[PDB]
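Scroll down for the structure; my scribbles are underneath it.
Chains as they are written, first to last, in the entry's author numbering: chain i, 837 to 885; chain g, 2 to 659; chain h, 357 to 407; chain x, 458 to 508; chain v, 1 to 193.
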């Protein structure tokens, strides 16, 4: 259905279709300052499944 | 460039507190000789005066005598510094991971057998033994026994096959009265803790530990293993509050550790000692134990064929200190349940560690929910589909719920080689032929010494060193490699194509010749109808083209074989290599194209519109010659040595010299 | 929950299923379902949302 | 006799960081005399490829 | 008496450096402690007392008449070290205590022990009423954790009670010492293989 209540998630260019969503792209995101390949190997070596 | 530094890293690769390090005696004295010097009691006494010197000289002798005791214990004291292996297991065993004793050669059979009684259901009771000759040697079969009970529906026509899987050895069961104060030893060598199962009075208990271990059984049922330093296994179980603690699920609570014994719970255990690691590849089987009314009319090898397979499995050394040493740390790191990819590496390394020399755990980012595994059957490159299924489910025990294990043998670079090796006749009294039998060992030695380990860059020459090293009466040794991949679809390249990771010479990209069914008709007197004509073709690279590219030239075609299209033309280029056929058929098409710098290789037979089925064979072997000396590997693509299963990939010419 | 029966589906990752008889009723009542999954939520493997 | 393999042993030995090596050898016999071959003629004791 | 029983073993120093020579040595790396359990479990241990501060093996003679079996006593005693696990004379013990406390400080009052025998650690009286005890780090004036007359323990005396505990030992009868011996020995054969 069309959906009544409203809340957001902010984005530089909000909403639209965005672009190029994988899979169901949901495969779960990560954010940090430090560049990857610095953190890439270990998290899967450690926590990331 | 390279590595700049600020005071970086730490303390070499690994801790050596190094006050412990054994030093050279003279230096030891040299150190100690100073020690006595400066001693306030006497600053007078000259030590280089030979009288005191030999006296002090002696102190160091004991002091050195005593130190290696003090030092070695530390190496011992700390796993991965432990030099003793039976040490290593202890901390490893302590870490929650044990290495195991040689693990029985295992296989499955289906066998069609008529019951003389024609009952609806026969069981094969656990413990019927079968014989298998080791490969190529019938002098003795290797006995191996039914792993467990299995029953079979009688089919109509009255003949029906049961199927069952088989581990090697003899069922050996021993009851023991348990007693409070006593060790419970099995002195049996050839034992393996994985085939050990037991019965307390009645019900089976499991060492939690890699048998089941998640079931309603409440943990009251349990026990442990341990390795006597002697080399034989002793039994253990938890005593008192054998379950986690206290009241737990029982309303009466109190205390139960079980096994009082007094005489209670007479412990009967059942196991197989084995000859294994010698039994791998035992093809011919016997039905070596009769039963009431059952008669095997046929025992047919290997249901659900790989198709490439060998007899049995397993065995094992058992022991290797290197694979074991660091490894349990990951199991010390990980919990029981396997979570991390390398946790799936190490976990798999536990069970079927003797099945797997190397196992590659990885995700394929395409398919989530699947644990993608690349392993080495270490007898061969392909775990038989049951093994794959086997460990899978067993692995699948420890795993995240939505996750699924997915095991595939990765593609394998094959090193196709002719060897030229010279020896002096006179220099060797030993049988020439057996020399080849010698080198053919020392070839894989290098592999096992090197290549499968990292699957890093591969050095041809460095390989040829050890085979050079073989007889030392070998005068010289030479070889030439052809880098070889196998292809699943002749018809269509895998989407991504195929890449060598390794620079090859242009036009040096080859493939296998293979027949092609051509609709055109053949008839010969006495032959009659004769279906139609079929001839053979192969995959050919054209020359390098500017921008390092080439187009894949198909094998030669007779006229009228391929319907000519305005789009598709006989390539009919000057360069492209050609096999010599009796046909003289000069029709050659571009089925696809490559570029040498990227090493990536694509074609599709949909291009030429030629029908897939007019080809007989689904897979073709790939030939190429890398222009570079050494072979580079990246991912899932590993050079490896399998001569036995694939000898045509490994050839050796022997040069007799006086 | 008389007995809680955990299971998944490989088709849908990120999720876990458990079976519950409140044994006070043929269907598990909701107020539990919010109460539990709440208390449950403390330990959830990050990639996974148990349900 | 000379062995390109046995030489290759030590060139392997030198570092321990050398992952591989190989080479293409040509014997070299330098000749004093051009205009006339030594009437006997040189020989390598080792056959060679054509041209 | 044990380690000479088993074959001496060769040992490599590998993992100190990638190349070190291999050395033979008499084996410590058989446990012997499990070896002396199994065989031990047959009979019993008998508690026993010490007349003085002798050495373990010096003492091991008088009981068994054989100085060679100290270890028998030792494993029944199963102490961590033969040097400090044993009875020790006052002179040494004090010095031992002298040593260990010296850097911290000498004559350090270790704890207050009440009449009942309950050791009170880290306590001092504010001195107005020596019977009321405010502990320390407090500056007192507050929270006396106890009041009354307690003893305090001198570090010397403190050393005594420690070594004092070592007096009694559990031992096995000199009768069975022989019969026992063979059995364990036989076990070691099973333990040789």
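Where a beta carbon is used, it is the ideal one built from N, C-alpha and C, also for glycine.
- For residue 406(h), there are no C-beta contacts with chain i under 8 Å, since the nearest C-beta of that chain is about 15 Å from it.
- Separation of the CB atoms of residue 22(v) and residue 8(v) is rounded to 12 Å, and the pair is thereby denied contact status at 8 Å.
- Residue pairing by DSSP places residue 627(g) opposite 505(g) in a beta bridge.
- Take residue 103(v), set aside five residues on each side of it, and no residue of its chain has a beta-carbon closer than 6 Å to its own.
- By the Cβ-count criterion, residue 363(h) is exposed, with fewer than 16 other Cβ atoms from all chains shown falling within 10 Å of its own Cβ.
- Remark: C-beta atoms of residue 120(v) and residue 150(v) approach each other more closely than 8 Å.
- Between residue 104(g) and residue 231(g), the C-beta gap is not smaller than 8 Å, which leaves the two residues out of contact.
- Per DSSP, the beta bridge partners of residue 372(h) are 406(h).
- The count of Cβ pairs closer than 8 Å, one atom from the stretch 541-550 of chain g and one from the stretch 595-606 of chain g, reaches three, so the stretches are in contact.
- Taking 8 Å as the cut-off, the beta carbon of residue 273(g) is found closer than this to the beta carbon of residue 171(g).
- Residue 455(g) carries a helical assignment under DSSP once its states are collapsed to helix, strand and coil.
- Residue burial is scored here from C-beta neighbours: residue 430(g) has fewer than 16 other C-beta atoms within 10 angstroms and is therefore classed as exposed.
- For a Cβ distance threshold of 8 Å, residue set 70 and 74 of chain g lies close to residue 28(v), ordered along the chain.
- Setting aside the 5 residues that flank it on each side, residue 562(g) is surrounded in the same chain by 519, each with a C-beta closer than 6 Å to its C-beta; the list follows chain order.
- Burial state of residue 354(g) is buried, judged by a 10 Å Cβ sphere holding 16 or more other Cβ atoms.
- Scanning the stretch 270-295 of chain g from its first residue to its last, no whole alpha helix (DSSP H) run of 4-plus residues comes out.
- Contact between residue 87(g) and residue 228(g) holds, with the beta-carbon distance rounding to 6 Å and staying under 8 Å.
- Of all residues in the stretch 172-190 of chain v, only 190 come within less than 7 Å of chain g when Cβ atoms are compared, listed by chain position.
- Interface with chain i (8 Å Cβ-Cβ cutoff): residue 403(h) is included.
- Interface with chain v (8 Å Cβ-Cβ cutoff): residue 611(g) is excluded.
- Taking the CA atoms as reference points, residue 52(v) sits about 43 Å from residue 179(g).
- In the DSSP annotation of this structure, the continuous segment of the beta strand (DSSP E) that includes residue 484(g) starts and ends at 475-488.
- If only complete runs of 4 or more residues are kept, the stretch 81-134 of chain v shows the alpha helix (DSSP H) at 90-102, in order along the chain.
- The C-beta distance from residue 612(g) to residue 488(g) rounds to 18 Å, too long to meet the 8 Å contact threshold.
- Closer than 7 Å at the C-beta level to chain i, one finds these residues of the stretch 334-350 of chain g: 340, 341, 342 and 343.
- One Cα belongs to residue 118(g), the other to residue 294(g), and the distance between them is close to 6 Å.
- Of the other Cβ atoms in all chains shown, fewer than 16 fall within 10 Å of the Cβ of residue 470(x); this residue is therefore exposed.
- Of all residues in the stretch 473-484 of chain x, only 476, 477, 478 and 479 place a beta-carbon less than 8 Å from a beta-carbon of chain g.
- Rounded to the nearest whole angstrom, the CA to CA distance from residue 501(g) to residue 626(g) is 10 Å.
- Counting every other CB atom within 10 Å of its CB across the protein chains shown gives residue 882(i) a total below 16, marking it as exposed.
- Boundaries of the beta strand (DSSP E) harbouring residue 198(g): 198-200, taken from the DSSP string.
- Ranking 48(g), 73(g), 19(g) and 590(g) by CA distance to the CA of residue 24(v) puts 73(g) first.
- Counting only Cβ-Cβ distances below 9 Å, residue 880(i) has contacts in chain g at 341, 342, 343 and 364, in chain order.
- Residues of chain h with a Cβ closer than 7 Å to the Cβ of residue 885(i) are, in chain order, 403.
- The C-beta separation of residue 156(v) from residue 89(v) comes to about 13 Å, leaving the pair out of contact by the 8 Å criterion.
- Cβ-Cβ separation between residue 577(g) and residue 543(g): approximately 4 Å, consistent with a contact (criterion under 8 Å).
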